[PDB]
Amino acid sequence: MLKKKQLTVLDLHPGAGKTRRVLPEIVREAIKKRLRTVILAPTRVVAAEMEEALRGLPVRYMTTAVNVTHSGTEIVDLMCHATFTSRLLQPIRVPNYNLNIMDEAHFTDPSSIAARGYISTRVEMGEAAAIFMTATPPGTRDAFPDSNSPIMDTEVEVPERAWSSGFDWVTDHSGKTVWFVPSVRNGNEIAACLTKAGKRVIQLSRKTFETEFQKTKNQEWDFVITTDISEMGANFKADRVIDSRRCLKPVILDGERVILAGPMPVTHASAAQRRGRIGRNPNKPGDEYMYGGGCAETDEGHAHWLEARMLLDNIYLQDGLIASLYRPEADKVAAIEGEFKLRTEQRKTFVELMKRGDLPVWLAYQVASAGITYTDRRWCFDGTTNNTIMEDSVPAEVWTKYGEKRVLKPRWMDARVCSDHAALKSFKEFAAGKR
């Protein structure tokens, strides 16, 4: 695998030991061969699991998620997917790693797709080797891969709202269930219904994942209600997955606004990773997978791939060259390569709107490309009436940094800034000048 111009897809089935058995062997060989190596974890939670798998090996953990004291001599670095892409975008020296290892390489967040584009381009240029570790590479059509123990697969109507009757099989179960929902708001309603029926429910989403995931170890629970973030190496001691088989798809309409379309079917890769949370113990056959819909290739035209192009257009590669998306996922976007390349000052603004601003890539790009500076929030109030953001069925209002109460009506509307109460609170803080 470790030879230059090699990109290897390590596609062993979910639970086959890619992270705990194969990765340490790769890392040992990389150190022996004096390959400057990067390991990319999708989340802080996986970064901490990897330290356990790699324990004693000389690895520099470039994350506060890991409590270890470095020798200072490590030639292997570990960081999050998003951290790698962020550092590429910033005026920060990123080593031209000889070996690029991405764990949970199916992750479809913009920064992960962009990292795969950058890495696979460096491999294509003859500069580097890469290993992408995932059971579900891009365009996989197999929702039911092999498992450590047999799984009982059942197609069944799954509730997406509170229910009074008709789904006794949900609550009759005496084990532990991981339930994939399409959104935080949908999970909140199902969680309230289960809690009312006497169940102990933990909710997971991107923003809450590190705090709330610990509760799956520290408290007794009956259900985990999770968004798709639990597709990325989240492990549970569960015997059932309930899978809506639904997700939200961010869609750019008329190059002008982003909507959260759907819910709609998950990809085969997503379905396989959701199912793959169970069947992991060869001594516990008959874990159950209940699935409430079919799969479709809903990544086609999904905003994350356009946003990945916006990131890659702003990453230095060599002179004016621009990294391409990883070939198997390159047709998910129609973009002119280089169309989103910004001049130095607008790029710095773009980066700050994503990092400190916590804005979606697409929205950060609209603001930065308009020549607006990071702290100038006038655009949060001067949109068309149809861009009015709502709170409790009335237009949302903030006090501006000038002390004026104004309706929140952004010039560019991205549904992700108000998709749940937490998102709206954050965007209200942004519009008021509070970060």
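Note that residue numbering begins at 1 and tracks the sequence as displayed.
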Original post:
Of the two stretches 128-136 and 106-114, which shows the higher Cα B-factor on average in the entry?
Top reply: 128-136
Subject >> Entry-level comparison of average CA B-factors, 70-78 and 310-318, reporting the higher stretch >> reply: 70-78
Original post:
Based on the PDB record, which member of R161, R275, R246, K237 exhibits the highest Cα temperature factor?
Top reply: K237
**OP:** Among the candidates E352, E231, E210, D222, give the one with the maximum CA B-factor reported in the record.
**Re:** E210
**OP:** Grab the CA temperature factor for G56 from the record and place it in the lowest, middle or highest third of its chain.
**Re:** highest
**OP:** Determine, from the deposited record, the chain-internal third of the Cα B-factor for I372: lowest, middle or highest.
**Re:** lowest
Subject >> Within-chain third of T154 by Cα B-factor, per the entry >> reply: middle
**OP:** Within this chain's modelled residues, let me know which third the CA B factor of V398 belongs to: lowest, middle or highest.
**Re:** middle
Original post:
Looking at the C-alpha B-factor of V417, is it in the lowest, middle or highest third of its chain?
Top reply: lowest
